[PDB]
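*Asks:* Fold the following for me, if possible:
(chains A, B, C and D)
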There are 4 protein chains.
Amino acid sequence: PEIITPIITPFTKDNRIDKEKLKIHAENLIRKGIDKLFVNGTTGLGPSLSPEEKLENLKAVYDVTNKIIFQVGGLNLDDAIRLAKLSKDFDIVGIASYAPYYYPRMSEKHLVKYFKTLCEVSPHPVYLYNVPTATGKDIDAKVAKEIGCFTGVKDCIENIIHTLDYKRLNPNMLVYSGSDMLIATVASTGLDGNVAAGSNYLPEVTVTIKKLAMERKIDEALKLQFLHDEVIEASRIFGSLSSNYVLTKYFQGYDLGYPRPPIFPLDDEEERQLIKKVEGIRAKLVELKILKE
Amino acid sequence: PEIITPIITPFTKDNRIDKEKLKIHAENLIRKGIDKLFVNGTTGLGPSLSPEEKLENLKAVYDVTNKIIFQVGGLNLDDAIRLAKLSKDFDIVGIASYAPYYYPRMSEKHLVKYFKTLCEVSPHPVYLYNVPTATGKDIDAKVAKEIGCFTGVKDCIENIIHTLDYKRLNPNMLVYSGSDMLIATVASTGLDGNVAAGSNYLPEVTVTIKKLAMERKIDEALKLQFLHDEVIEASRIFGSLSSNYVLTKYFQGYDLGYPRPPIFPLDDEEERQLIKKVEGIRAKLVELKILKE
Amino acid sequence: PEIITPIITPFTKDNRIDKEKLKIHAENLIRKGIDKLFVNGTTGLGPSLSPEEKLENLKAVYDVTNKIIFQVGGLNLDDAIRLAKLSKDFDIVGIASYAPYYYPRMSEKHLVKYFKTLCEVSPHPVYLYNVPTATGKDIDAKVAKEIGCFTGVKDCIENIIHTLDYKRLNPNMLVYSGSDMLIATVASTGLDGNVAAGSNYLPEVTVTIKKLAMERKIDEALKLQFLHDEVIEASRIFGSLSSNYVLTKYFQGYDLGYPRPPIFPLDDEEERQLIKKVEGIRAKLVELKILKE
Amino acid sequence: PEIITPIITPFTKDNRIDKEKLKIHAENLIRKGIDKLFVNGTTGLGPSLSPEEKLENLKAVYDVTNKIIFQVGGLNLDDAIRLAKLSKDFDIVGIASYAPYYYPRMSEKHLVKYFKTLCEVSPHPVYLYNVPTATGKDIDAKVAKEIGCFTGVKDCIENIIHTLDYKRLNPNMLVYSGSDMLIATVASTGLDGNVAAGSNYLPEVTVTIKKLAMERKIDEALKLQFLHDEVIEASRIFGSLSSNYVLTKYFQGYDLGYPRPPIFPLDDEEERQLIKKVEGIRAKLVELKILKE
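*Replies:* Numbering: from 1, shown residues only, chains lettered A, B, ... in the order given. Right below this line is the structure:
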């Protein structure tokens, strides 16, 4: 099983990708055992990025690692196909697209044709990014099988039955959960890993949760998993998407600039308050020799 | 009360905005009794448009009428501010924004700052585009009051209690429904109207329902509303976003070019079957002297 | 259009139906213009009643009025059929049943057969009590038409599109909303009325909201409707089902005993707090000569 | 971890509890490796049973084993207290209650008093039967801690994050899933087991999956889980509550009489088609030497 970071995109004060902070972040993440980096995801504000900006992200992260899943999707199929084609000259794990989001009641036939279209032009494996909270509609194990060309799936449904059905109908598919809270469980139930936003700021915890469970130390796995759950809960208070920047600086030492409005940075009051709820958790994580002071 | 058309955006075969077919459509819509034009909405693939295209749409439509609501939102607040300011030199009803879509668990604090910022730079009245199905997030009557600068709301919730709450908590506020099926009901219950996608292809029906209800001939209004309902339902069989092109052509004579993939145009057999579903209705609407042959 | 009270069942301290308080309540309600009384509903704790207790309720209320809808449904079809048969010797408007509740994924075919079964043995008109929040599954306008024997429906869906579809597919069916908040709207849009729990304690308001709208005073209708909405909201704070007893004593003068555990009575702190939020509203209602001091 | 059967209640042709067929079934279930028996649940039409019948069920099953959880909840707290006390003379695992079903918007305060009262009079451990689909109301990990007297929880939510939260906030608490499809997953992630309706008709499968997962042969566990999943899905085609009777007969040899209308028994053609859906699976399960011919 793997831990995959949907990598944050650091921005400058004038709203440009801070390529160097992104490179520092990716290097740290690989160093602490993250297997692969999911680029231009929700957590990286992928939807807020121009195609050119999606390309810089890949190019900047690619300076650090070839263990990239390159998310190219959007509401303009022509931009996504072109980004897919640009990836030919990169040694990467795959590209990815979500279903067209926002738009309700698109025909399944059009959904299937959309994805088969990406597969037809793609020079790399194609991963389904099934994010129904964001998109509204679901691409379940049956539609995935109907499309027939997915190498893997990121399932942001928390109902793990839904996720397992992908293995059941697509025994050859790689199947990841998008939940930081199911690292222990996913590993123990034979699934392929998690695409965990929280591995941005606690890669060590997420990798260790996975290793404990696979070492069949399920009880220790859960005790650490439940601590991780508490950090995840804290981050939602002010907007997980903003708070993820604060928690990376706090747990990992380097800052990631600003987010992209309308994802506003936490003001100084909010930053203080957030750390208060994780102070104890940091301490404990040092206490177990999982983090270095 | 009014009928407002979220105007379709017609595309060329090479996927650019067809300004000539937009202008034709906008002229027709205004002639047939449509009160205002909602530009860059869902139905027009607003979110599939670049900031520049969103402005193209404003400019093209503005050659025909100034009775325009200009949607400018997106996942880059800087882009929306730029379109908002640029609008100052157009004499329009107002600007509009959906909530930042896709992103779940944005702070309520941060959502308010998004809209209040938008109000601070806007040269026109600012309208709330409340689309919980696309965004997952709800901007209800309470939150709309906290923001406190909305001249009006378009509520894409079909539960009209929720729609009425806007008028209860913001009595000076204009409150429209986004539902084609609540035209009769909206006009008679003291709300300000409907932003009806179906007025793209049957503005005669939607204006007539509206007038009958104003005239308190509710029985007749409902008779027509229910035929329109049957048309709305037909459009969903093959994808409503693509069917809206086919239905504008059939009922109104002129064609609207192409949608923007991944909203793919219906194929000949899908188009065939769609007409079969509304053939009888076109007749009864002609017979009723609402539509000319 | 009508206002129908889903009548509260008053209980004694030792958990028996207080027949006399129920008779006092029903007499008051009829006196203040409630058209019909829906007996053994949610608000009357119908599900908490034995078949014998359902029968006493009918018999006690029948001493006051023949304008009764007698709800007989439950999870034992044999009890409900027998109660249906007992109604033969009563001049009443109808019986009613909800879909079997609690139980998820019952076949539609079994649902249709359940309702057609009640119609086959029923000596009175049968009303569909469509309460999906309570039951989970929905009996929409299409299933209603398939069953084909319903004289009316109580639709506790707040999505008024859902309700209107019953008229559209069953033009001859009586169609009521279960919402206190849509009295104004239901009347103005040509529907048949509301089954409004809040008419238990403010019958005068609910009847007046309806009359104003039908007098085409829609703006006054809404101003009173929005006041009524505020009383409805208050009642949910502690449990609408408990609070309804307090508000009847407070607005109408007589008490209704206790509810049935696990619907516990409001303690003295909760009773004080609830009245505080309606004090002003009572005052105002006197100010308009709608209530008598 | 354990498999717990929410035992079917067999009925006669005249709609009384068939004590002889219940005892046969209960004996078989215990012989085939079932750990405990959950009595008067959904699957047994608990809610269709009078308090007296709920006790009949206790007594009948208690002739076979004392490894019983006795469901006593209902919409009359007095009835549940009476069954709770009466249980004192049986040496059973514990009693159980769903939340008062049907009633929405009961105060959280009042829900806690319901369960805490139940604990105050109970002579046995009290189990939480959390069924949000039937009740609409959720008793989550947080609320279960506030009540604070639950020895265990059966969670009928399919989102296992929510299930794990019970163990995180109540580490001494036994936490079971109500899902047949999460047997493999539940046993391997450190939870205490599954209350699986499907163990009525395939206890060999559910016990075998459980053991394979204990033995960390997760790959094999999942292979069998997915066949069981296909069986679960088949049972839903015609109504799972009625199909559970047909499937107990087919796989286990003995029949269970009749369900209680309005859970109607499948007709010959529905039964015909159901077997066709599980014919192949019966074979593969025999072939696999999990089921005898």
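
*Asks:* So in terms of bridging, what pairs with the residue nearest to residue A:56 when sequence neighbours are not counted?
*Replies:* Nearest non-adjacent residue to residue A:56, counting by Cβ to Cβ, 6 or more residues apart in numbering or on different chains: residue A:17, 5.3 Å away. The C-beta positions use only the backbone N, C-alpha and C, and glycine is treated the same way. Counting by DSSP bridges, residue A:17 is bridged to residue A:11.

*Asks:* Please determine how far residue A:17 is located from residue C:177.
*Replies:* Taken as Cβ to Cβ, to the nearest Å, the spacing of residue A:17 relative to residue C:177 amounts to 53 Å.

*Asks:* For these two, indicate the residue with more neighbours.
*Replies:* residue C:177 (28 against 22; other Cβ atoms under 10 Å in any protein chain shown).

*Asks:* chain center to the host helix or strand of residue A:26: distance?
*Replies:* With the criterion set as DSSP states H and E, the secondary-structure element containing residue A:26 is helix A:19-31. Once both centres are worked out by Cα atoms, centre = their mean, to the nearest Å, helix A:19-31 turns out to sit 15 Å from its chain's centre.

*Asks:* same for it, what does it pack against?
*Replies:* When contacts are defined as 3 or more Cβ pairs under 8 Å, 6 or more residues apart in numbering or on different chains; DSSP states H and E, helix A:19-31 sits against strand A:36-39, helix A:51-62, helix A:240-252.

*Asks:* before we move on, back to that, just confirm the residue nearest to residue A:56 contacts residue A:11, I think it does.
*Replies:* Yes: in terms of Cβ atoms under 8 Å, residue A:17 counts as a neighbour of residue A:11; the distance is 6.3 Å.

*Asks:* OK, contacts around residue A:145?
*Replies:* With contacts taken as Cβ atoms under 8 Å, 6 or more residues apart in numbering or on different chains, residue A:145 has the following neighbours: A:169-170.

*Asks:* The one helix or strand residue A:223 maps to near chain B at all?
*Replies:* With elements delineated by DSSP H and E, residue A:223 resides in helix A:218-236, which encompasses its position. Yes: among the residues of helix A:218-236, residue A:236 lie within reach of chain B under Cβ under 8 Å from any Cβ of the partner chain.

*Asks:* neighbouring contacts of the helix holding residue A:26?
*Replies:* With Cβ under 8 Å, 6+ apart as the test, helix A:19-31 has contacts from A:5, A:7-10, A:37, A:56-57, A:60-61, A:63-65, A:67, A:199-200, A:203, A:248, A:252, A:254-257.

*Asks:* Spell out which parts of the stretch 51-200 of chain A neighbour chain D.
*Replies:* Close to chain D, as judged by Cβ under 8 Å from any Cβ, the stretch 51-200 of chain A has residues A:158-161, A:164-165, A:167-168, A:179, A:181-182, A:184-185, A:188-190.

*Asks:* and of the residues you listed, the nearest to residue B:277?
*Replies:* Taking Cβ to Cβ as the measure, residue B:277 lies nearest residue A:165 of these, at 33.3 Å.

*Asks:* show me what contacts the closest one?
*Replies:* When the contact criterion is Cβ under 8 Å, 6+ apart, the partners of residue A:165 are A:140-142, D:229.

*Asks:* Throw those residues into a markdown table and include secondary structure, thanks.
*Replies:* Below are those laid out as a markdown table (DSSP: H, G, I helix; E, B strand; the rest coil):
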| residue | secondary structure |
| --- | --- |
| A:140 | coil |
| A:141 | helix |
| A:142 | helix |
| D:229 | helix |
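
*Asks:* who wins for neighbours among these?
*Replies:* Neighbours here are counted as other Cβ under 10 Å. On that basis the top member of these is residue A:141, with 23 neighbours.

*Asks:* Enumerate every residue touching that residue.
*Replies:* By Cβ under 8 Å, 6+ apart, the contact set of residue A:141 is A:162, A:165-166, A:168-170.

*Asks:* quick one, the helix holding residue A:223 and helix A:240-252 angle?
*Replies:* 120 degrees (axes from the mean of the first three to the mean of the last three Cα atoms, to 10 degrees).

*Asks:* can you list contacts of helix A:218-236?
*Replies:* Helix A:218-236 is touched from outside by A:180-181, A:183-185, A:187-188, A:198, A:201-202, A:205-206, A:208-209, A:212-213, A:240, A:243-244, A:247, A:274, A:277-278, A:281, A:284-285, A:288, A:290, B:105, D:164-165, D:167-168, D:188-190, with contacts defined as Cβ under 8 Å, 6+ apart.

*Asks:* Out of those, which sit inside helices?
*Replies:* When DSSP state H defines the helices, the subset of the contacts of helix A:218-236 inside them is A:183-185, A:187-188, A:205-206, A:208-209, A:212-213, A:240, A:243-244, A:247, A:274, A:277-278, A:281, A:284-285, D:164-165, D:167-168, D:188.

*Asks:* So residue A:156 is in contact with residue A:135, correct?
*Replies:* No: the pair residue A:156 / residue A:135 is not scored as a contact, 9.3 Å apart, by Cβ under 8 Å.

*Asks:* thought residue A:82 was touching residue A:51?
*Replies:* Yes: taking contact to mean Cβ under 8 Å, the distance of 7.0 Å between residue A:82 and residue A:51 places them in contact.

*Asks:* Tell me which of those two has more neighbours.
*Replies:* Neighbour count, other Cβ under 10 Å: between residue A:82 and residue A:51, residue A:51 has more, with 17 against 14.
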